[PDB]
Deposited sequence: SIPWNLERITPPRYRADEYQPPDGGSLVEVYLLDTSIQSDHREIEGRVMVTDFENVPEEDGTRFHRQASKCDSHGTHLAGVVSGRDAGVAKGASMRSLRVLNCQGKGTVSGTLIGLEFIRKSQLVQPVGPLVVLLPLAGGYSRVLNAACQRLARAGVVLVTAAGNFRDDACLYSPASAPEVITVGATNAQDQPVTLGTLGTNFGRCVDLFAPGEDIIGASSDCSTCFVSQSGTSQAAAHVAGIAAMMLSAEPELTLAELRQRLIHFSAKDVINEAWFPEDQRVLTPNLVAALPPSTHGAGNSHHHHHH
């Protein structure tokens, strides 16, 4: 039938543009061709050592998760990509800030409809990054971010900890928090909800028709970005608060076993798994 994750969120998005701040992307992958516009934007740090497994692996997969023809959430959504992560998946706070500013400048020059900005990345708590996100949010833009993959309190990371952003943790096919190596999804009061983030099939930049399964809070956040795009296309006048309320209203309630989280984080971590409205 359909991928487990696409079933999990289903008990499209054409009015909305989704900005992706990530690695490079293979914009002619069949899954996203003609749905994604690669902006001239690039701001990345030099690679350290000689590592990566393609330069565009991460972003291509997430673009597919959001808008992909066969495996996407919001199949009518258009996307715009900015490169703020290098070949090893590493960026800078200052590069991210310049990207967020680019988005606002782009909107002012040529306004369209509702904008969703997907930030599938995390660093340490950052006053300036949090402030920039808050600012962009107040300007009328919806920001969705990854909770982080450090099995830690999301409040210690940015943009996860930012006010006015939608922060997304990862759950697996059994609605349980995702383990990633020795770590896993972040948790805590700064996380808004969870979404499918394990074993998620999506566009592989290895070839124009290739697919690969990936895991992470990036993939989880990509789901919510897709869901947000669908909800905003149906109800374009929603304020951020109303959108947040709709995301909570249509979430699966109390399906996560909270024993996975540290004792004190259980009450603080919302037991919600995102889903589309009926």
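- Unmodelled regions of the deposited chain, listed from N- to C-terminal end, are 12 to 23, 65 to 68, 295 to 308.
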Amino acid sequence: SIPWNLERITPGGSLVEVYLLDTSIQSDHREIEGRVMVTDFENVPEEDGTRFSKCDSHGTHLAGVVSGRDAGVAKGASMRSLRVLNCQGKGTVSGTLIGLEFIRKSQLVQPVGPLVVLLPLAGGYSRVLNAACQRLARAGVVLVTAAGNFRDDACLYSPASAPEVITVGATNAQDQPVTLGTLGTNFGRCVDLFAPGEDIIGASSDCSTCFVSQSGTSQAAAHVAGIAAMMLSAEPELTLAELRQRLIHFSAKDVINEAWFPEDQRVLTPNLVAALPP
From here on, numbers count along this sequence of modelled residues.
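Take the two forms, superpose them, and find the largest set of C-alpha atoms that agree within 1.5 Å; that set is the rigid core.
- Note on 53 to 61 and 30 to 38: with rigid core alignment, C-alpha atoms in 5 other deposited structures of this protein sit farther from this form for 53 to 61.
- Displacement analysis by core superposition in 5 other deposited structures of this protein ranks 243 to 251 above the other of 222 to 230 and 243 to 251 in root-mean-square C-alpha distance from the shown form.
- For the pair 80 to 88 and 159 to 167, the mean Cα B-factor is higher in 159 to 167.
- Stretches 182 to 190 and 202 to 210 differ in mean CA B factor, with 202 to 210 having the higher one.
- Between the residues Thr39, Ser67, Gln26, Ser233, the entry's highest C-alpha temperature factor is the one at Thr39.
- Between the residues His223, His61, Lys253, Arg246, the entry's highest C-alpha temperature factor is the one at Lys253.
- In the PDB entry, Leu20 places in the lowest third of its chain by CA B-factor.
- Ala173 sits in the highest third of its chain by CA B factor, as recorded in the PDB entry.
- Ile2: CA B factor lies in the highest third for its chain, per the PDB record.
- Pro114 sits in the middle third of its chain by CA B factor, as recorded in the PDB entry.
- Looking at the C-alpha B-factors along this chain, the one for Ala274 belongs to the middle third.
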